[PDB]
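Student: fold the following and give me the result.
(5 chains, ligands or ions: 8)
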Amino acid sequence: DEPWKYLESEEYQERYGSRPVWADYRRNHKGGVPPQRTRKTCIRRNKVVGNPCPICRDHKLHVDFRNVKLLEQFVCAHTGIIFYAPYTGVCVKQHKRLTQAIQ
Amino acid sequence: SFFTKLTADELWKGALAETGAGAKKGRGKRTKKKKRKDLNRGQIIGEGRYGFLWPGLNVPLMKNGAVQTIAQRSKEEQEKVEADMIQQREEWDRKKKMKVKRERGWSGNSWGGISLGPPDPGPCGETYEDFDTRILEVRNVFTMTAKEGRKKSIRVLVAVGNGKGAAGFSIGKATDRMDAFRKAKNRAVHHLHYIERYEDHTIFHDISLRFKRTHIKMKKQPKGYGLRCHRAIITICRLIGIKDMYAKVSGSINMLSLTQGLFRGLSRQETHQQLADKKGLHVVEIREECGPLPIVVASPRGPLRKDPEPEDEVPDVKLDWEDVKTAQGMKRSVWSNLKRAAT
Amino acid sequence: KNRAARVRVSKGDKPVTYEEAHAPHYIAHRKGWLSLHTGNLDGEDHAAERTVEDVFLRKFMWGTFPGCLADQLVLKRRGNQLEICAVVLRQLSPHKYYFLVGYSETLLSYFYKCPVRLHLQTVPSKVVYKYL
Amino acid sequence: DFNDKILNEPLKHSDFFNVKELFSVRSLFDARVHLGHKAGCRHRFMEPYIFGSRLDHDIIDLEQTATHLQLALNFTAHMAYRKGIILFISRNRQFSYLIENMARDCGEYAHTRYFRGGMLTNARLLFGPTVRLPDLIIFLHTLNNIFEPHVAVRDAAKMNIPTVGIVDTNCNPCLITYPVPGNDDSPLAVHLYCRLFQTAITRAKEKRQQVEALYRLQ
RNA sequence: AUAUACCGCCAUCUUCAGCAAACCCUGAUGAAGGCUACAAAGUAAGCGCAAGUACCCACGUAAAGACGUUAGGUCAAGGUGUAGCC
Ligand SMILES: [Mg+2]
Ligand SMILES: [Mg+2]
Ligand SMILES: [Mg+2]
Ligand SMILES: [Mg+2]
Ligand SMILES: [Mg+2]
Ligand SMILES: [Mg+2]
Ligand SMILES: [Zn+2]
Ligand SMILES: [Zn+2]
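Tutor: Residues are numbered from 1 along each chain as shown, chains lettered A, B, ... in the order given. Ligands and ions are numbered 1, 2, ... in the order given. Please find the structure below.
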């Protein structure tokens, strides 16, 4: 559904809870410190890559300016600076789509 | 021959070769292991090639209030039964051999970011579901003996905590990994230190100390920052309940002594009510988000002091060249400010 | 070091029965014999046949009452009469139990041309002598 | 809730069981509690409790002695009124008979014989799963024969059990909650401490009895 | 063929007596150690030794004699894993 009622839908609640979406995701990468810029994308030619980011694996979610309570979980409530893609675990494409959407 | 045939457990022992030359010394083998399988439990007693109908064990004895009679299971019937049994054995084998997914902690094939779940209930009855566990390290200690020689003795380090400022570290030694985990978890839940925290997410002030050639320097840090510290300290703070700080370790890296000094400092830190009632002055807090506004933290419970502190100028205080460098900004290193994973 | 009809001492995770626990040199001092016949005594004969047939009987009955027994059997051969005694568990149905009883009885009788009969004693779970 | 009120009532009152009348500096000096070992037997943490020295012999401050003794008696009496278990220790064999006898007379228990390893720590395995370890420990002689700190003070500080010991110039009052400076070695002092503890615990017991009778009436 | 996969069965120290699940403590909570009886941190399931049983006794002789070393011997008592002849 293009609207944002899928978030209030209780399948979202049981699938996540009161935690954010990025909290569950974990990156497979080289040893120690990971790379400093995430993958280019999680979807290619209508095909999904293994271990994709959460907002991409959950196709029912929609990144848009209107989903305020979905967008606000990334940017800290205590500091206005938006978290980085290596932080939230998402690929750079959807990361910058989200940053322009929140702008 | 039939007289030469014998029981099953003997054959299973002879096939598995659990002990005698290869199991001992720890030499073992090249990761080849034959999995035990129970065949008698699987098939019903009546199954066979000739599928006679048995009202005694294979078929219900009575039907429609009428005694049954011996009958025949013909070719395609016994073939269907054999196919069903083949499918059932294949299903049992699939369910037998599968993956095992223990959550990846600090690294694969490492017991660092692994949690054993809460401690076990006590004998008199003591439930500790609020406590969460963590395995900091595991090592295969070896000490020799006269007749058997080298003995493998697993040593493990563990921590436990609520997330409410209470936690405890402990070691555990045993010949078996699970038994060592259990010993360590139990005596850990029994041995615990409490530490205060300022606003549920930070320490009261920075703490610099040394312990067995392990210099450690933790720095308080306000909200929206995270935990950029040694991964052991990160897990320990996850257990404690503080959400953000900074820390650095210098010199030797022995995480046992690291944890011991960590808890020592976090216990010896003074609270602000403590310090105020000790000195005899009002504490005053200042933020960057808030302007020039004095925020009182804690006041003396006893009688306040009359005179204020005289201005201490050019104090004799031993400071750190590295933090002075990082404050002056001339310091440069690619390895300092990295955009690591979440917290 | 002798290994002959004895249990290896474990951590304490091995339920053992009276017979499986005690040693073979304790057999006459603190056990009885699983069979009772006179072929072994002086003057008699067919002891080899007695032993072969009773071993075959033990194997056949263990495999035709599989998963229900929890201990060795007791054979009691009085002249012509042959008596068996077993201890089993209440796993399967008494229908199956009696059916297999009659089946084994008829087979043994027709095979050995001998009057055979058996008794079975039920137990909820196999008795244990110690945990070695 | 009124049961909790009865449990809490004696706390607000100071010297509520009249423990002060039992002891006086006259009696202490007569029982020779003020003595101490030589300066060679002196201890740092005991120094501030030393009123002075004479002939290289240590002397105890009787005002501090009386303060700590009052506090100890008050605590013991509150615990007895709460029916809290009390356990005596005196490793010195010179008075084991008398101490066991007065323990029998009180109803509170004692252990003067050799102390076993982990008797308190592994008490669950020793005795059984469910066992009520004592609520208060006291020491007529804090040190053993070889003059090390008795393992009981350490075990009590570990397992959160309060301890009240008579500390001599050789003793370590750091672990003790209510250290009473005195003369561990003198028979007059031992007998006097025993009689004071008898009177205190018996008064607490009979007072609980009378209060319970009054509440049963009401 | 593999005793260097094993079971089963034995030599060995053993003409020893220790082996030890489970708890606690000390060592700054390291590998590790835990003995002082006019006693100072050790407590111990269980096994073994022992005791009792066999011969003529209570002694003696037999029997028993654990954990483990010798990758000790035995796929040739028998079976069986792996590799081969089929
Ligand atoms: Mg890996
Ligand atoms: Mg021999
Ligand atoms: Mg070999
Ligand atoms: Mg013997
Ligand atoms: Mg012999
Ligand atoms: Mg060899
Ligand atoms: Zn993506
Ligand atoms: Zn003295």
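
Student: end-to-end on stretch B:331-341?
Tutor: Start-to-end span of stretch B:331-341 (Cα to Cα, to the nearest Å) is 24 Å.

Student: do that stretch and chain A meet at all?
Tutor: Yes. Using Cβ under 8 Å from any Cβ of the partner chain, stretch B:331-341 reaches chain A at B:338, B:339, B:340, B:341. Heads up, the C-betas are built off the backbone N, CA and C, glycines and all.

Student: taking those residues one by one, which sit in strands?
Tutor: Per DSSP state E, strands hold no members of the residues of stretch B:331-341 next to chain A.

Student: could you count how many residues lie near residue 31?
Tutor: No chain specified, so I'll use chain A. 6 (other Cβ atoms under 10 Å in any protein chain shown).

Student: can you look at chain D instead?
Tutor: By other Cβ under 10 Å, neighbour count at residue D:31 equals 20.

Student: quick one: contacts for the nearest residue to residue B:206 once chain neighbours are set aside?
Tutor: In this structure, residue B:206 finds its nearest non-sequential neighbour in residue B:219, 4.6 Å apart by Cβ to Cβ, 6 or more residues apart in numbering or on different chains. By Cβ atoms under 8 Å, 6 or more residues apart in numbering or on different chains, residue B:219 lies in contact with B:206, B:245, B:246, B:247.

Student: ok, residue B:219 to RNA strand E distance?
Tutor: From residue B:219 across to RNA strand E, the span is 23 Å (Cβ to the nearest atom of the strand, to the nearest Å).

Student: what does residue D:158 give?
Tutor: Per Cβ to the nearest atom of the strand, residue D:158 is found 6 Å from RNA strand E.

Student: roughly how far apart are the residue lying closest to that residue once chain neighbours are set aside and residue B:100?
Tutor: Among residues not flanking residue D:158 along the chain, residue D:121 sits closest, at 7.3 Å (Cβ to Cβ, 6+ apart). Noted for residue D:121: a distance of 38 Å to residue B:100, by Cβ to Cβ, to the nearest Å.

Student: need the contact list for residue D:174.
Tutor: Counting by Cβ under 8 Å, 6+ apart, residue D:174 has contacts residue D:45.

Student: repeat for residue B:343
Tutor: Residue B:343 neighbours (Cβ under 8 Å, 6+ apart): B:226, B:227, B:234.

Student: show me which of residue D:121 and residue B:100 is the more surrounded one.
Tutor: Neighbour comparison, residue D:121 and residue B:100: the larger count goes to residue D:121, with 15 against 4 (by other Cβ under 10 Å).

Student: what helix or strand is the more buried one on?
Tutor: According to DSSP states H and E, residue D:121 maps onto no helix or strand at all.

Student: residue D:179 contacts residue D:168, doesn't it?
Tutor: No. Contact criterion Cβ atoms under 8 Å: residue D:179 and residue D:168 do not qualify, at 10.2 Å.

Student: residue most distant from the centroid, chain B?
Tutor: residue B:66 (62.9 Å; Cα atoms, centre = their mean).

Student: how far away is it from residue B:55?
Tutor: Distance from residue B:66 to residue B:55, by Cβ to Cβ: 11 Å.

Student: quick one: neighbours of the residue in chain A that RNA strand E sits nearest to, just the number.
Tutor: Relative to RNA strand E, the nearest point of chain A is residue A:32 (26.4 Å; Cβ to the nearest atom of the strand). A count of neighbours around residue A:32, defined by other Cβ under 10 Å, yields 8.

Student: may I have the phi/psi pair for it?
Tutor: With angles defined as degrees, to the nearest 10, residue A:32 sits at phi 60, psi -130.

Student: residues of chain D that sit close to RNA strand E?
Tutor: Residues of chain D found near RNA strand E (Cβ under 7 Å from any atom of the strand) are D:91, D:93, D:114-118, D:121-122, D:124-126, D:144-146, D:148, D:150-151, D:154-155, D:158.

Student: give me that answer again for 10 Å
Tutor: By the rule Cβ under 10 Å from any atom of the strand, the part of chain D lying against RNA strand E is D:91-93, D:96, D:112-127, D:143-152, D:154-155, D:157-159.

Student: show me which of those residues are buried.
Tutor: Buried residues within the residues of chain D next to RNA strand E, counting neighbours by 16 or more other Cβ atoms under 10 Å in any protein chain shown: D:91-92, D:112, D:115, D:120, D:123, D:143-144, D:149-152, D:155.

Student: ok, the residues you listed vs chain B, which is closest?
Tutor: Taking Cβ to the nearest Cβ as the measure, chain B lies nearest residue D:123 of these, at 11.9 Å.

Student: I figured that closest one hits residue D:132, correct?
Tutor: No. At 9.9 Å, residue D:123 does not count as touching residue D:132 under the criterion of Cβ under 8 Å.

Student: hmm, back to that, tabulate the contacts of residue B:343 in CSV, adding columns for neighbour count, secondary structure and distance to residue A:64.
Tutor: As requested, the contacts of residue B:343 are arranged in CSV below (neighbours: other Cβ atoms under 10 Å in any protein chain shown; DSSP: H, G, I helix; E, B strand; the rest coil; distance: Cβ to Cβ, whole Å):
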residue, neighbour count, secondary structure, distance to residue A:64
B:226, 18, coil, 28
B:227, 21, strand, 32
B:234, 18, helix, 34
